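Below is one structure, written out as structure tokens, with a few remarks after it.
Since every read-out is calculated from the coordinates, none of them should be taken as a lab result. Here the Cβ positions follow ideal geometry from the backbone for every residue, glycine too, while neighbour counts run over all protein chains shown.
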Amino acid sequence: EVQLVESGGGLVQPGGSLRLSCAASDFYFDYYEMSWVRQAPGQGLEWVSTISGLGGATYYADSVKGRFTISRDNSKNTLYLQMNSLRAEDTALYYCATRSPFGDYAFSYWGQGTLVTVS
Amino acid sequence: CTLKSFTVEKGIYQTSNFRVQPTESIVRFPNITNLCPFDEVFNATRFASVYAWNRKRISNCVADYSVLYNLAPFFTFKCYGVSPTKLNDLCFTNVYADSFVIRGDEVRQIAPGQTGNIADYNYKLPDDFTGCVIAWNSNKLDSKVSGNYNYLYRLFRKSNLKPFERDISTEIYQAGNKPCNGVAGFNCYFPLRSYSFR
Amino acid sequence: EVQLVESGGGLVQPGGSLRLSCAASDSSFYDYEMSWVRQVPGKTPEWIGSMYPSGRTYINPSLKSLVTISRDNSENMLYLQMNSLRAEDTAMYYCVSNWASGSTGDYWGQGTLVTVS
């Protein structure tokens, strides 16, 4: 199959900022939808935020309503993640997953993911 | 002392109960000395996958749980229903050993009630699970620096797997409404994908 | 009573196509899985491909578009047609029947030695 990578930082102080970039290519992205899904160390998965390709409406989680904002760049086929006001309990390996809206609740593809720890 | 007074009047008073103390510690366990191969599922060669977990029925045994600790570090020895220790004094009728290999972060899902990807599509434990899960890292025996893809796991399934069910089928999945009728292409993802252990 | 006999063993050069296959005994080996594996000396084996009874064939993600295993004979045998030979293809190829649950119920058959110069 086809799968690509995601880069960014690996460590950030509790109060700084970080710009994560999931870079995709050779994919039907503009009609698909993308989302970030974190994984706390020792816990399960948690949906952070999602963006659509049809209208571009974004949907964040209740815990990250006013701290996380994302934007998909269709010219570069990449997904950005600009995190604000990083606390100490938000350390998790963020996964970059895209799926089709006209399907089921199962993620189609999963990114590589990288763990970012906060002091 | 039972009346809390240094002077007792005339009469009859109940003080304690004459309970005879025990003498011996008779055990009387069954007649079984055949130490069955309990090391055939712990120290063996390459291990089963999760979609084809090996279930060995172990009966007519002398379960010596003091042999799995002198081996490699065994982590997450969580017994649900019984204590981790004190297992050398109970006589079970027939036990079952389900052996497989999972990821490091996926060891939490092997527990009653926990959900996810491995506990819903590969191996589900019931809520009344009266057993013990024993995990240990095998980064030196199951990993090499070449690209390890000899361990498969199921990602897509129609419904959640019921407790104690082995799904070894190879029916193609359908993420959409297109009748793929067995082509393994767009919206026809293969239900069994391989791991990556580096 | 399983005496799987392999073939295809020999000496080849990079650029050819290896057509190796192990013969199954006259019995109902189907309804159970069947796969192939190599035994390159130095470390543990490496699984290359599977021959699931449904017909769906899954290949190792590392060796994609280089090895192909089909079942269009359906009589007693499989097929292993692999191209794009390299210098690291000199291993001991085996055909395991009950793979993904082996070491307790798998039957390793014969073993052939191939070498690519």
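Could you tell me the relative contact order of chain C? Use alpha-carbon pairs under 8 Å, at least six residues apart, and round to a whole percent.
34
For segment B:96-198, how big is the tail of P(r) above 21 Å, as a whole percent of Cα pairs? Write out the running numbers ahead of the final one.
Details: 2345 of 5253 pairs.
Result for the distance tail: 45 percent.
How much net charge surrounds C:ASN83 when only other residues with a Cβ under 14 Å from its Cβ are counted (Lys, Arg +1; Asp, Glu -1)?
Result for the neighbourhood of C:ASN83: +2.
At 222 nm, what value in deg cm²/dmol follows for the protein assembly as shown if DSSP H runs of at least 4 each add -39500 (n - 2.57) and the sum is divided by all its residues, to the nearest 500?
Working: 1 runs with 4 residues, N = 434.
0 deg cm²/dmol, from helical runs alone.
If contacts are Cα pairs under 8 angstrom and at least 6 residues apart, what is the relative contact order of chain B in percent?
20
Unpartnered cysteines of the protein assembly as shown (Cβ-Cβ under 4.7 Å counts as a partner)?
Isolated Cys, the protein assembly as shown: B:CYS1, B:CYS91.
Out of segment C:44-117, which trypsin sites (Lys or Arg not before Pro) are coil in DSSP terms and have no more than 16 other C-beta atoms within 10 Å?
C:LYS64, C:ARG71, C:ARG86
Using only the alpha-carbon atoms of chain B, report the extent along each of the three principal axes, biggest first, to the nearest angstrom.
So the extents along the principal axes, rounded to whole Å, are 100, 40, 32.
Working from the alpha-carbon coordinates of segment C:1-95, get Rg over Rh, Rh being the Kirkwood radius.
Value, to two decimals: 0.95.
How far is the Cα center of segment A:51-93 from the Cα center of segment B:1-64, in Å?
After rounding, the separation between the Cα centres reads 56 Å.
Work out, step by step, the length gained on full extension between B:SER196 and B:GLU165: first 0.36 nm times the residue separation, then minus their alpha carbon distance; give nm to one decimal.
Length gained, B:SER196 through B:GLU165: 8.7 nm.
Normalised by the residues of segment B:24-95, what does the relative contact order come to in percent, with Cα pairs under 8 Å and at least six apart?
Values: 34 pairs, mean separation 27.1, N = 72.
About 38 percent, as a whole number.
At B:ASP127 and B:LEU87, where each label point lies 7 Å from the Cα along Cα→Cβ, what is the point-to-point distance in nanometres?
2.5
Can you give the Rg to Rh ratio for the protein assembly as shown, taking only C-alpha atoms and Rh from Kirkwood?
Values: Rg = 28.8 Å, Rh = 26.2 Å.
Result for the protein assembly as shown is an Rg/Rh of 1.10.
Can you give the FRET efficiency for B:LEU68 and A:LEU54, using 1/(1 + (r/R0)^6), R0 = 56 Å, r = Cβ-Cβ distance, to the nearest 0.05?
0.55
Where in segment B:86-107 is the amide nitrogen less than 17 Å from a point lying 7 Å along the Cα-to-Cβ axis of B:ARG28?
B:90-91
What FRET efficiency, computed as 1/(1 + (r/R0)^6) with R0 = 45 Å and r the Cβ-Cβ distance, is obtained for A:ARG19 and B:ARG55, rounded to the nearest 0.05?
Calculated value: 0.40.
What nm value, rounded to one decimal, do you get for the distance between C:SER7 and B:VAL95 when each label is placed 7 Å out toward the C-beta?
If labels sit at C:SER7 and B:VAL95, their model points lie 4.9 nm apart.
Set the Förster radius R0 to 45 Å, insert the Cβ-Cβ distance between B:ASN187 and A:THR117 as r into 1/(1 + (r/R0)^6), and round the FRET efficiency to 0.05.
0.75
Starting from the coordinates of the alpha-carbon atoms of segment B:132-175, obtain the Kirkwood hydrodynamic radius over all distinct pairs and give the value in Å to one decimal.
About 14.1 Å for segment B:132-175.
Using alpha carbon coordinates only, what is the Rg to Rh ratio of segment A:5-118, with Rh defined as the Kirkwood radius?
0.94
For chain B, set up a Gaussian network in which alpha carbons nearer than 10 Å are linked by springs, and say which option among B:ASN88, B:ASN31, B:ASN139 fluctuates the most.
B:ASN31
Which of A:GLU6, C:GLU6, A:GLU46 has the fewest other C-beta atoms within 10 Å, and how do the rest follow up to the most?
Listed from fewest to most nearby Cβ atoms, that is A:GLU46, C:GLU6, A:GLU6.
Which of C:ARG19, B:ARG46, B:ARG154 comes first, and how do the rest follow, when ranked by fewest Cβ neighbours within 10 Å?
Numbers: C:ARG19 12, B:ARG46 19, B:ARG154 23.
Listing C:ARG19, B:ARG46, B:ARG154 from fewest to most nearby Cβ atoms yields C:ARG19, B:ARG46, B:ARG154.
Treat each spin label as a single point 7 Å out from the Cα along the C-beta direction, and report the C:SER27 to B:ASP142 distance in nm.
The modelled label-to-label distance comes out at 2.9 nm.
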